[PDB]
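Asker: Dumping the structure here so I can ask a few things about it.
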Amino acid sequence: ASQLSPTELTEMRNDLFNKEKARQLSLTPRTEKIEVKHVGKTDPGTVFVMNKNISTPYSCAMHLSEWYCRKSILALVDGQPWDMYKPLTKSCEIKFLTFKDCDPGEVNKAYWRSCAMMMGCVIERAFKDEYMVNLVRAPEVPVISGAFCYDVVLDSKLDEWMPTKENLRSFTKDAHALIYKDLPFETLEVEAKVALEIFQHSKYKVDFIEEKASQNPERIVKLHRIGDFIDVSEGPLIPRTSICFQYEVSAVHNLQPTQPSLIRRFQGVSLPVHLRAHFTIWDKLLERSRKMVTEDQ
Amino acid sequence: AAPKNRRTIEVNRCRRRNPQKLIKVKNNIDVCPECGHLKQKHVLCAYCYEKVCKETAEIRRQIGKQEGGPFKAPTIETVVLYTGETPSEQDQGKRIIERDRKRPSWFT
Amino acid sequence: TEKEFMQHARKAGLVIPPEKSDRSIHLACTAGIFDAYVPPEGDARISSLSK
Amino acid sequence: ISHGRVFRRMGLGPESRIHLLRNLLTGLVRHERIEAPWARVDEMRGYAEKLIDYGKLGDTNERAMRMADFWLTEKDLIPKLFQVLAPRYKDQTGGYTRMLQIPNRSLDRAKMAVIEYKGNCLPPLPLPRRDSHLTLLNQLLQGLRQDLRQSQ
Amino acid sequence: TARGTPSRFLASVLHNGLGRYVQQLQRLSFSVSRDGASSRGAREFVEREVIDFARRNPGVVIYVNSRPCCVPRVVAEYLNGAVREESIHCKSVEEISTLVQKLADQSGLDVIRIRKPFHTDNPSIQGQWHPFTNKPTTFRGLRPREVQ
Amino acid sequence: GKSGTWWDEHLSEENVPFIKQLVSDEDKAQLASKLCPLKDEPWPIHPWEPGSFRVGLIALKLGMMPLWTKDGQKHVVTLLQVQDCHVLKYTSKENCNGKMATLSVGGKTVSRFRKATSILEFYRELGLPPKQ
Amino acid sequence: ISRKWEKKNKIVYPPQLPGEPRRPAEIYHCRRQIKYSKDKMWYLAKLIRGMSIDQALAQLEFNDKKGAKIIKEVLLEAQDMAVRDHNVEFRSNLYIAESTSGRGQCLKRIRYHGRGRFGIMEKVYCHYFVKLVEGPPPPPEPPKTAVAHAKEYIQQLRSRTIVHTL
Amino acid sequence: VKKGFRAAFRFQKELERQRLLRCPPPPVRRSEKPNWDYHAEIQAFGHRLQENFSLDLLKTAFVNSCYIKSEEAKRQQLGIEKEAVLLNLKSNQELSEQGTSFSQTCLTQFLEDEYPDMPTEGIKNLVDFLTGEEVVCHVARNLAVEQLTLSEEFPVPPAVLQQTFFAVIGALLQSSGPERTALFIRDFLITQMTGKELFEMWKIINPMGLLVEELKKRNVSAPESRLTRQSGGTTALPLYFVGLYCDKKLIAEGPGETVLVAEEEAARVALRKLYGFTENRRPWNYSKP
Ligand SMILES: [Mg+2]
Ligand SMILES: [Mg+2]
Ligand SMILES: [Zn+2]
């Protein structure tokens, strides 16, 4: 905890991230072969021979066809959802998940984690630098509610204002600037010690890291990155940020009475490129998401 | 009437290569949900339709064996059975065609 | 206005020299090996001088 | 100028058109599933539905028997129509003769289709199913539906 | 024709006459035949005139190869890199002397359309024409139909 | 490249009647909201001057019919029905050609699912279902 | 007869230095003497020219022409030789670089016109060439906006000189 | 066939011409092409510049340190003892250092006594331009020291070409006095300044700040920019004229497409006029006293 400009903080954070990723890649010495199997439906019995801790499941979908690259959003390594750009470890059996599948609930949760994380990325770089922004967390709300939510403490100077429609449309236009550049959701699975050594300043991030490290016995939390943003989340993400097509932040709401300081919950709604809606239905969904989502218990 | 002059290759390339004569890219195409063999929207998948027509052909061959000659065409419903698969009580009067296979996991 | 193509060919060699001849092909090797040298199982274990 | 002019011109005349549709319809009543070009099965589907209506008028009706005697050219399909097809649709009103496009004929590249009577002891067609309710858009619309249900 | 061939602007190679003049010829490579009537004029040129030519302008290195050839040639190499090969097949002594003298005089630039035969490098002195030359100014720079 | 789409492509089996009922109820309420224009905030009504030109309508030609007068003659009439007519936007005198002011008038109601995005934005700003 | 498109797969480059880019793989394949006219085959070759190989197969599986099955066979076996022989590791990661059609050797017949007159009917044949290059398909050249038009016009006006004088 | 030989041979020579124009070979030094003799080329190099070099010092100047190390590497990969002449090659380092020092100080003296108003930093940038890599390589290439230079990697990378050009300057300084070498670098370097503006060689960044510093030295107060001539402010192709007035007196005037670039060009025009470097200056007096 010290005085730091907001840019040298992201410099030291993504430099430490790149150092840990280089160490993760360098720990394995050679090219080890793993035999990932395809236990899906369409092309059964296919067995790839991959490079261990190098090859992604996107690099397994590239072997088959281009449609496995276009429409597959999450992998399913043996029982567990694996994000499409995470290097495989052991000899496994794999299966790809799409948006128009029969039971897409896991990939819906993954999509809304990724959209809430994008909203945090677009909130944290839009405010005045003399004001302080502390990204608290994104609580895992179910997708049956209309919007994804992200929790942010604003400045002590700003316990009185609320944004008009122009600031919200500025937020969505910056989020569309984020969407228009096709960026990879890069993951990295780090120990709790290195992860706590990354952040070091946001005490809200510190207790969230401790909460996610307390539940597994190895103390490993899931870090992710879009470009130069680094955030904590539970579970996997979607591959690219260009999968989102219709994006919007709806409103903000203040939830005071549980705490002295004021936490502001930013809300917004999204839809992928394969599941886009007509303008009328989209305005209906945009209209519902202004109401406050409260599903935490 | 006859041509008065030979059309050159410049005029011909201007005619036979414009976007009104080129082949239009279509984008109705996606993978089939079962069997992944690249159907078109608004069109049944040719692989799945080939599956169904092969099984229908074998059922029709067994029907043609059971009906003897032509002009027979019974006055009862028919129903097909695979190996195992005892006739249900609701299919009592219905004609029973049993070929020999396991029941495939799309015909239920 | 009465003309056809040419060149009926085939792309696989075959066994014409025994179809009749009096010159046989003069080989300079054999097919495989006579009886395979089975090495000792611990050849890297006894990779020193002797035991 | 063919404003408001139904009934495509199919064969070599009006009578040849009726005979083409009659042969397609007789094949449909016998085999319960047909593939033919798309215009022909469109016309024959429009005829097949009212044939089922005439079969459902009854067996002792002389007009329905005359129509079944004309339109069915094999004369064993008349007991089949009056005792299997018409009792099968005793509850329904008009939803039968399901028609779907199959890709193309091999030689002359025609638009082909498949029609079948419902019921149909044959294996089922690979029908395209409407999208599942657990997807992203439908869960959003289900949230909206539940919200405006509780608001009422 | 001039639309069918390239063209260059009139130029010196390295500003010759400004400081010191330098001979722009480097080499002359002669290939004449011992036997063979086609190289008779060149044979007499090597007999009588190439020694005085070499003494005359000493910047040039001259080589005589004396090779069996049906057509003798002369290769003239210049300072800027260009190589000009000319055939002295069945020529006089006077024609070959004229040819090597003309090769000695010229510089290595291309003989193409030479395009505006003057190369002023600072053409204007009193100041080049712009539409506000020969135009008077008005009080406080007012434009036509102005008010203040 | 992006493929084509329509309104009910990705909708479920249960969501299509709900969306039909929802949008039908919404534009029925929007048509019923504009029913009393004189109580909202009407623009100033003027009396008739002799050099005046007023607005017209957009009707839908149903059919024809005979029609008799008191002398006995028979005339034929065309029945034009005014289905759903609404003034849409007004352009003042200096903004089109400097000659006469213009008024836009819309025809019968059609579906939102089959219009362009800017047209739907225009009717959403105005508050009416889209016109043909 | 000249067959050089077949011999282009036998080029062998020197081994690359470590401080160099990848040099993507290049695979040439062709099918000779197809019984199909070279213009109608050219329309399909122009359809493919820039697309990726899976998109090319998708467009050619649903195009209702005689040459479509032929080019689909050629592209499938070129994909197979690319993965097997020329050491492309991903089957999908190939784009069509060149795609064209040439004249093949034709035959001649009589057509028997309707008097004692005749024509020379010609039995047409053609080729199909294809060249695959591994890598993603290159992005299309975007149409020039008004900024580039204005910049080129101002560059043109800045380029001019006082002609026919010093 | 048609009988004969001459048309077939002529078509053969055309085939070799077309095939050589399709796949051109990588170019080779003139030392490896057939008509070449080194001693005659060094003598003719001395004679065409109208100079009198002592040929040992020129042969010293044309070798290079890389050539020495590469020749000893070639004689050691083959193992042949060439410690006879290679130990006495004496690479051109010291002659190049003498040549660079003399050329720098003599170009500085010429440019100081021609423009006594130009600042020290400007004359430093001008002698950095004339002794810069590009123009000494251009003069070196069109004076044929490139063909005589001993090195590896045939196109003679421009540091080595600059080094050997200043080495032959040093050889001329050794064999003849400072006046002859002064005349040499006059005729072959200062003529490269012809037809170039000042700030095509100095390449300054902020001309207005340098101009107000210059007027701070001359005790003239501060130039105020007043707009003089303009033709179309609303269009996309304007023309402006900004004049810089010092105590209600014009000192320069510069055109441009906006007001800012016209003001910057007016600063450039004043900054040229102060330094005694205008396009109307006395051209360089190439003569002999
Ligand atoms: Mg016909
Ligand atoms: Mg005859
Ligand atoms: Zn399928």
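FYI, nothing fancy with the structure tokens labels: chains A, B, ... in order, residues from 1 per chain, ligands from 1 as they appear.
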Can you pull out every residue with an atom within 9 Å of ligand 2? Use only C-alpha atoms and all ligand atoms and format it as a tab-separated table (two decimals) with C-alpha atoms, in the first residue's frame.
Answerer:
chain	number	residue	atom	x	y	z
G	114	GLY	CA	-30.44	-28.74	-91.90
G	115	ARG	CA	-29.51	-28.86	-95.59
G	116	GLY	CA	-26.35	-30.40	-96.92
G	117	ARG	CA	-24.52	-28.07	-94.50
Asker: How would you write, as a list in words, the set of residues no farther than 6 Å from ligand 3 when counting only C-alpha atoms and all ligand atoms?
Answerer: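 For ligand 3, the residues inside 6 Å are residues 32, 34, 35, 36, 37, 45, 47 and 48 of chain B.
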Asker: Could you list, as a PyMOL selection string, every residue of chain H that has an atom within 9 Å of an atom of chain E, counting only C-alpha atoms?
Answerer: chain H and resi 35-37+40-41+43-50+139+141-144+183-184+186-188+191-192+194-196+227-229+279-280+286-287
Asker: Can I get the selection written as a PDB file, in the first residue's frame, with C-alpha atoms?
Answerer:
ATOM      1  CA  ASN H  35      38.666  -7.056 -67.381  1.00  0.00           C
ATOM      2  CA  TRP H  36      40.352  -5.900 -64.174  1.00  0.00           C
ATOM      3  CA  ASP H  37      43.847  -4.919 -63.057  1.00  0.00           C
ATOM      4  CA  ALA H  40      46.231   0.348 -63.327  1.00  0.00           C
ATOM      5  CA  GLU H  41      42.967   1.161 -61.574  1.00  0.00           C
ATOM      6  CA  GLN H  43      46.910   4.801 -61.048  1.00  0.00           C
ATOM      7  CA  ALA H  44      43.907   5.928 -63.084  1.00  0.00           C
ATOM      8  CA  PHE H  45      42.074   6.821 -59.869  1.00  0.00           C
ATOM      9  CA  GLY H  46      44.983   9.063 -58.998  1.00  0.00           C
ATOM     10  CA  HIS H  47      45.067  10.593 -62.460  1.00  0.00           C
ATOM     11  CA  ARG H  48      41.393  11.323 -63.148  1.00  0.00           C
ATOM     12  CA  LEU H  49      41.083  13.439 -59.983  1.00  0.00           C
ATOM     13  CA  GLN H  50      44.036  15.518 -61.294  1.00  0.00           C
ATOM     14  CA  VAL H 139      30.136  10.896 -53.820  1.00  0.00           C
ATOM     15  CA  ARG H 141      30.086   5.625 -55.195  1.00  0.00           C
ATOM     16  CA  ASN H 142      30.088   7.983 -58.191  1.00  0.00           C
ATOM     17  CA  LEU H 143      33.854   8.602 -57.835  1.00  0.00           C
ATOM     18  CA  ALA H 144      34.562   4.819 -57.934  1.00  0.00           C
ATOM     19  CA  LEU H 183      40.711  22.204 -52.663  1.00  0.00           C
ATOM     20  CA  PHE H 184      39.736  18.532 -52.946  1.00  0.00           C
ATOM     21  CA  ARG H 186      35.918  21.935 -51.536  1.00  0.00           C
ATOM     22  CA  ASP H 187      35.256  20.630 -55.050  1.00  0.00           C
ATOM     23  CA  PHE H 188      33.850  17.300 -53.892  1.00  0.00           C
ATOM     24  CA  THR H 191      29.287  21.432 -54.214  1.00  0.00           C
ATOM     25  CA  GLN H 192      26.843  18.988 -52.606  1.00  0.00           C
ATOM     26  CA  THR H 194      24.068  23.409 -54.166  1.00  0.00           C
ATOM     27  CA  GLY H 195      20.330  23.650 -54.602  1.00  0.00           C
ATOM     28  CA  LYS H 196      19.443  22.797 -51.003  1.00  0.00           C
ATOM     29  CA  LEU H 227      -1.805  38.546 -40.801  1.00  0.00           C
ATOM     30  CA  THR H 228      -0.945  40.052 -44.173  1.00  0.00           C
ATOM     31  CA  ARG H 229      -2.598  38.304 -47.131  1.00  0.00           C
ATOM     32  CA  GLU H 279      18.480  31.741 -51.784  1.00  0.00           C
ATOM     33  CA  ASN H 280      19.846  35.022 -53.182  1.00  0.00           C
ATOM     34  CA  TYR H 286      35.027  28.351 -57.152  1.00  0.00           C
ATOM     35  CA  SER H 287      38.243  29.911 -58.440  1.00  0.00           C
TER      36      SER H 287
END
Asker: Can you tell me which residues come within 9 Å of ligand 1 when counting only C-alpha atoms and all ligand atoms, ideally as a PyMOL selection string?
Answerer: chain D and resi 9-12
Asker: With only C-alpha atoms as the atoms that count, which of B:14, B:20, B:2, B:42 lies nearest to chain F?
Answerer: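 Closest residue, counting only C-alpha atoms: B:42.
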Asker: Which residues are close to residue 104 in chain G, i.e. within 7 Å by only C-alpha atoms, leaving aside same-chain residues fewer than 4 positions away? Reply as a PDB file with C-alpha atoms, in the first residue's frame.
Answerer:
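Result file is around-v5.pdb:
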ATOM      1  CA  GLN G  33      -8.862 -32.724 -68.517  1.00  0.00           C
ATOM      2  CA  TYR G 125     -12.365 -29.799 -71.852  1.00  0.00           C
ATOM      3  CA  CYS G 126     -10.717 -27.690 -69.171  1.00  0.00           C
ATOM      4  CA  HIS G 127      -8.359 -27.728 -66.209  1.00  0.00           C
TER       5      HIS G 127
END
Asker: Taking only C-alpha atoms into account, report as a VMD selection string which residues of chain G lie within 12 Å of chain A.
Answerer: chain G and resid 52 to 58 79 83 88 to 95 135 to 137
Asker: Those same residues, written as a compact mmCIF listing (two decimals), in the first residue's frame with N, CA and C atoms?
Answerer:
# COMPACT_ATOMS: atom_id res chain seq x y z
N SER G 52 -11.56 -18.80 -47.26
CA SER G 52 -10.91 -19.86 -46.52
C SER G 52 -11.38 -21.21 -47.05
N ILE G 53 -10.69 -22.28 -46.66
CA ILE G 53 -10.95 -23.57 -47.30
C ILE G 53 -12.24 -24.19 -46.77
N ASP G 54 -12.59 -23.93 -45.51
CA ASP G 54 -13.83 -24.48 -44.99
C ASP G 54 -15.02 -23.70 -45.52
N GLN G 55 -14.86 -22.39 -45.67
CA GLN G 55 -15.89 -21.60 -46.32
C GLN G 55 -16.00 -21.93 -47.79
N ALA G 56 -14.89 -22.29 -48.44
CA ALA G 56 -14.95 -22.69 -49.84
C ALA G 56 -15.71 -23.99 -50.00
N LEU G 57 -15.46 -24.95 -49.10
CA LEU G 57 -16.20 -26.20 -49.13
C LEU G 57 -17.68 -25.98 -48.82
N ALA G 58 -17.98 -25.04 -47.93
CA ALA G 58 -19.37 -24.76 -47.58
C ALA G 58 -20.13 -24.12 -48.73
N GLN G 79 -6.35 -30.46 -49.32
CA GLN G 79 -6.30 -30.40 -47.86
C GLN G 79 -5.63 -31.63 -47.27
N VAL G 83 -2.05 -31.63 -45.18
CA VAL G 83 -1.84 -32.10 -43.81
C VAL G 83 -0.84 -33.24 -43.78
N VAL G 88 1.55 -29.21 -43.06
CA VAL G 88 0.62 -28.30 -42.41
C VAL G 88 0.02 -29.04 -41.22
N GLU G 89 0.01 -28.41 -40.06
CA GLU G 89 -0.45 -29.11 -38.87
C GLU G 89 -1.94 -28.99 -38.62
N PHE G 90 -2.57 -27.88 -38.99
CA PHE G 90 -4.00 -27.70 -38.79
C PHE G 90 -4.72 -27.88 -40.12
N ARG G 91 -5.77 -28.70 -40.10
CA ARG G 91 -6.51 -29.00 -41.32
C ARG G 91 -7.32 -27.80 -41.78
N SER G 92 -7.83 -27.01 -40.84
CA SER G 92 -8.67 -25.88 -41.18
C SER G 92 -7.89 -24.64 -41.57
N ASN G 93 -6.61 -24.56 -41.21
CA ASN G 93 -5.87 -23.31 -41.31
C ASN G 93 -5.26 -23.11 -42.68
N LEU G 94 -6.07 -23.14 -43.73
CA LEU G 94 -5.57 -22.98 -45.09
C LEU G 94 -6.53 -22.08 -45.85
N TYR G 95 -5.99 -21.18 -46.66
CA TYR G 95 -6.85 -20.36 -47.49
C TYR G 95 -6.44 -20.51 -48.95
N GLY G 135 -2.43 -20.25 -42.97
CA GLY G 135 -2.65 -18.96 -42.38
C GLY G 135 -4.11 -18.59 -42.46
N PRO G 136 -4.53 -17.61 -41.67
CA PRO G 136 -5.89 -17.11 -41.80
C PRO G 136 -6.06 -16.38 -43.09
N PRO G 137 -7.28 -16.31 -43.65
CA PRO G 137 -7.51 -15.60 -44.89
C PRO G 137 -7.27 -14.12 -44.71
Asker: DSSP on the backbone: which residues in range 45-159 of chain G end up as helix (DSSP H, G or I)? Give the answer as a ChimeraX atom specification.
Answerer: /G:45-48,53-61,66-84,146-159
Asker: With a cut-off of 12 Å and counting only C-alpha atoms, select all residues of chain F in contact with chain D and give the selection as number ranges by chain.
Answerer: F: 7-19, 21-22
Asker: Taking only C-alpha atoms into account, name the residue in F:1, F:95, F:110, F:68 that is nearest to chain G.
Answerer: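 Selected residue with least distance to chain G: F:1.
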Asker: Which residue is closest to chain F? Choose from G:140, G:159, G:82, G:134 and count only C-alpha atoms.
Answerer: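 Ranking G:140, G:159, G:82, G:134 by distance to chain F, first place goes to G:140.
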Asker: For range 62-68 of chain B, work out the shell of residues within 8 Å, counting only C-alpha atoms and skipping chain neighbours fewer than 5 positions away, then give it as JSON, numbers by chain.
Answerer: {"B": [73, 97, 98, 99]}
Asker: Those selected residues, please, written with N, CA and C atoms and delivered as a PDB file, in the first residue's frame.
Answerer:
ATOM      1  N   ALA B  73     -52.643 -54.214 -49.263  1.00  0.00           N
ATOM      2  CA  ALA B  73     -52.888 -52.933 -48.583  1.00  0.00           C
ATOM      3  C   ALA B  73     -53.880 -52.986 -47.427  1.00  0.00           C
ATOM      4  N   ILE B  97     -44.347 -55.559 -37.984  1.00  0.00           N
ATOM      5  CA  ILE B  97     -43.200 -55.740 -38.864  1.00  0.00           C
ATOM      6  C   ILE B  97     -41.961 -55.734 -37.984  1.00  0.00           C
ATOM      7  N   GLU B  98     -41.226 -56.836 -37.957  1.00  0.00           N
ATOM      8  CA  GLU B  98     -39.979 -56.899 -37.206  1.00  0.00           C
ATOM      9  C   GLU B  98     -38.858 -57.310 -38.147  1.00  0.00           C
ATOM     10  N   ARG B  99     -37.817 -56.478 -38.249  1.00  0.00           N
ATOM     11  CA  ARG B  99     -36.798 -56.850 -39.224  1.00  0.00           C
ATOM     12  C   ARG B  99     -35.650 -57.728 -38.697  1.00  0.00           C
TER      13      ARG B  99
END
Asker: Pick from H:59, H:165, H:53, H:140: nearest to residue 100 in chain H, with only C-alpha atoms counted?
Answerer: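 Comparing H:59, H:165, H:53, H:140 against residue 100 in chain H, the winner is H:165.
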Asker: Do you know which residues are at most 12 Å from residue 77 in chain D counting only C-alpha atoms, after dropping those on the same chain fewer than 4 positions away, and could you put them as a short mmCIF file (atom, residue, chain, number, x, y, z; two decimals) with N, CA and C atoms, in the first residue's frame?
Answerer:
data_model
loop_
_atom_site.label_atom_id
_atom_site.label_comp_id
_atom_site.auth_asym_id
_atom_site.auth_seq_id
_atom_site.Cartn_x
_atom_site.Cartn_y
_atom_site.Cartn_z
N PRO B 70 -49.18 -57.76 -55.10
CA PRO B 70 -49.74 -56.41 -55.08
C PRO B 70 -51.23 -56.43 -54.82
N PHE B 71 -51.78 -55.22 -54.66
CA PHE B 71 -53.19 -54.95 -54.36
C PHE B 71 -53.65 -55.64 -53.07
N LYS B 72 -52.87 -55.45 -52.01
CA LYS B 72 -53.18 -56.12 -50.75
C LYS B 72 -53.54 -55.15 -49.63
N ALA B 73 -52.64 -54.21 -49.26
CA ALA B 73 -52.89 -52.93 -48.58
C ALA B 73 -53.88 -52.99 -47.43
N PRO B 74 -53.48 -53.49 -46.26
CA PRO B 74 -54.47 -53.92 -45.25
C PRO B 74 -55.26 -52.77 -44.65
N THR B 75 -56.34 -53.13 -43.96
CA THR B 75 -57.24 -52.17 -43.34
C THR B 75 -56.96 -52.02 -41.85
N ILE B 76 -55.70 -52.10 -41.45
CA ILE B 76 -55.29 -51.93 -40.06
C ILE B 76 -54.04 -51.06 -40.04
N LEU D 25 -50.89 -38.59 -55.67
CA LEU D 25 -51.75 -38.80 -54.51
C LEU D 25 -51.93 -40.28 -54.21
N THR D 26 -52.04 -41.11 -55.25
CA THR D 26 -52.14 -42.55 -55.05
C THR D 26 -50.87 -43.11 -54.44
N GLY D 27 -49.71 -42.60 -54.88
CA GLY D 27 -48.46 -42.97 -54.23
C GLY D 27 -48.40 -42.53 -52.78
N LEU D 28 -48.99 -41.38 -52.46
CA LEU D 28 -49.01 -40.91 -51.08
C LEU D 28 -49.90 -41.77 -50.20
N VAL D 29 -51.07 -42.15 -50.70
CA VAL D 29 -51.98 -42.98 -49.90
C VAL D 29 -51.39 -44.37 -49.69
N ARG D 30 -50.66 -44.89 -50.67
CA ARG D 30 -50.07 -46.21 -50.48
C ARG D 30 -48.87 -46.16 -49.53
N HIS D 31 -47.92 -45.25 -49.78
CA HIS D 31 -46.63 -45.36 -49.10
C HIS D 31 -46.46 -44.43 -47.91
N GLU D 32 -47.37 -43.48 -47.72
CA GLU D 32 -47.43 -42.52 -46.61
C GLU D 32 -46.25 -41.56 -46.53
N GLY D 55 -62.90 -38.67 -47.15
CA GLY D 55 -62.85 -39.94 -46.43
C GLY D 55 -63.51 -39.86 -45.07
N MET D 65 -67.68 -41.85 -51.86
CA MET D 65 -67.23 -43.08 -52.49
C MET D 65 -66.88 -42.86 -53.95
N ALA D 68 -63.49 -41.01 -53.97
CA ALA D 68 -62.39 -41.92 -53.65
C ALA D 68 -62.16 -42.92 -54.77
N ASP D 69 -63.21 -43.26 -55.51
CA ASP D 69 -63.07 -44.17 -56.64
C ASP D 69 -62.37 -43.49 -57.81
N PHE D 70 -62.59 -42.19 -57.99
CA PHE D 70 -61.85 -41.47 -59.03
C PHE D 70 -60.40 -41.26 -58.62
N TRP D 71 -60.18 -40.71 -57.43
CA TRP D 71 -58.85 -40.20 -57.12
C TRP D 71 -57.86 -41.30 -56.75
N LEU D 72 -58.33 -42.45 -56.30
CA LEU D 72 -57.45 -43.56 -55.96
C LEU D 72 -57.48 -44.56 -57.11
N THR D 73 -56.34 -44.74 -57.76
CA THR D 73 -56.26 -45.54 -58.97
C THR D 73 -55.83 -46.98 -58.73
N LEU D 81 -58.31 -45.91 -47.02
CA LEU D 81 -58.68 -44.53 -46.74
C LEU D 81 -59.88 -44.45 -45.82
N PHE D 82 -60.90 -45.28 -46.07
CA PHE D 82 -62.11 -45.16 -45.26
C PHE D 82 -62.02 -45.87 -43.92
N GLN D 83 -61.00 -46.71 -43.69
CA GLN D 83 -60.93 -47.44 -42.43
C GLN D 83 -59.63 -47.26 -41.66
N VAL D 84 -58.64 -46.56 -42.19
CA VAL D 84 -57.39 -46.35 -41.47
C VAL D 84 -57.10 -44.86 -41.41
N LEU D 85 -57.08 -44.20 -42.57
CA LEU D 85 -56.68 -42.80 -42.64
C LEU D 85 -57.72 -41.89 -42.00
N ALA D 86 -58.98 -42.04 -42.38
CA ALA D 86 -60.04 -41.23 -41.78
C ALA D 86 -60.32 -41.53 -40.30
#
Asker: Could you give me, as an MDAnalysis selection string, each residue of chain F that DSSP assigns to strand (DSSP E or B) when run on this structure's backbone?
Answerer: chainID F and resid 60:68 74:81 86:91 102:106 109 131
Asker: Print the selection's residues with C-alpha atoms to a file, as a PDB file, in the first residue's frame.
Answerer:
ATOM      1  CA  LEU F  60     -57.638   1.884 -48.026  1.00  0.00           C
ATOM      2  CA  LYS F  61     -59.798   1.057 -51.048  1.00  0.00           C
ATOM      3  CA  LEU F  62     -62.281  -1.619 -49.961  1.00  0.00           C
ATOM      4  CA  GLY F  63     -64.455  -2.024 -53.036  1.00  0.00           C
ATOM      5  CA  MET F  64     -67.264  -0.565 -55.079  1.00  0.00           C
ATOM      6  CA  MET F  65     -71.017  -0.249 -54.692  1.00  0.00           C
ATOM      7  CA  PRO F  66     -73.979   1.270 -56.558  1.00  0.00           C
ATOM      8  CA  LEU F  67     -75.673   4.361 -55.226  1.00  0.00           C
ATOM      9  CA  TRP F  68     -78.915   6.002 -56.295  1.00  0.00           C
ATOM     10  CA  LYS F  74     -77.419   5.247 -60.614  1.00  0.00           C
ATOM     11  CA  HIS F  75     -73.879   6.195 -59.630  1.00  0.00           C
ATOM     12  CA  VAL F  76     -71.083   3.918 -58.458  1.00  0.00           C
ATOM     13  CA  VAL F  77     -69.038   4.762 -55.395  1.00  0.00           C
ATOM     14  CA  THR F  78     -65.714   3.503 -54.144  1.00  0.00           C
ATOM     15  CA  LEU F  79     -65.632   2.854 -50.402  1.00  0.00           C
ATOM     16  CA  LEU F  80     -62.395   4.256 -49.004  1.00  0.00           C
ATOM     17  CA  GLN F  81     -61.913   3.378 -45.344  1.00  0.00           C
ATOM     18  CA  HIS F  86     -51.843   9.916 -37.916  1.00  0.00           C
ATOM     19  CA  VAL F  87     -49.939  13.112 -38.601  1.00  0.00           C
ATOM     20  CA  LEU F  88     -46.273  12.181 -38.211  1.00  0.00           C
ATOM     21  CA  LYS F  89     -44.059  15.252 -38.610  1.00  0.00           C
ATOM     22  CA  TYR F  90     -44.263  18.893 -39.667  1.00  0.00           C
ATOM     23  CA  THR F  91     -41.760  20.832 -41.766  1.00  0.00           C
ATOM     24  CA  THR F 102     -45.493  20.371 -45.491  1.00  0.00           C
ATOM     25  CA  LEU F 103     -47.108  17.765 -43.253  1.00  0.00           C
ATOM     26  CA  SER F 104     -46.369  14.054 -43.186  1.00  0.00           C
ATOM     27  CA  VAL F 105     -49.256  11.616 -42.757  1.00  0.00           C
ATOM     28  CA  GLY F 106     -48.960   7.881 -42.141  1.00  0.00           C
ATOM     29  CA  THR F 109     -50.428  -0.027 -39.147  1.00  0.00           C
ATOM     30  CA  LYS F 131     -47.271   2.833 -40.753  1.00  0.00           C
TER      31      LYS F 131
END
Asker: Quick one: residues within 7 Å of range 91-101 of chain E, only C-alpha atoms, excluding same-chain residues fewer than 2 positions away - as a list in words?
Answerer: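 Near range 91-101 of chain E, the qualifying residues are residues 41, 42, 44, 45, 88, 89, 103, 104 and 105 of chain E.
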Asker: Starting from chain D, keep only residues with some atom at most 8 Å from an atom of chain B, counting only C-alpha atoms, and report them as a list in words.
Answerer: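 Listing them in order of chain and number gives residues 30, 74, 75, 76, 77, 79, 80, 83, 84, 100, 101, 102, 103, 121, 122, 123, 124, 125, 126, 127 and 128 of chain D.
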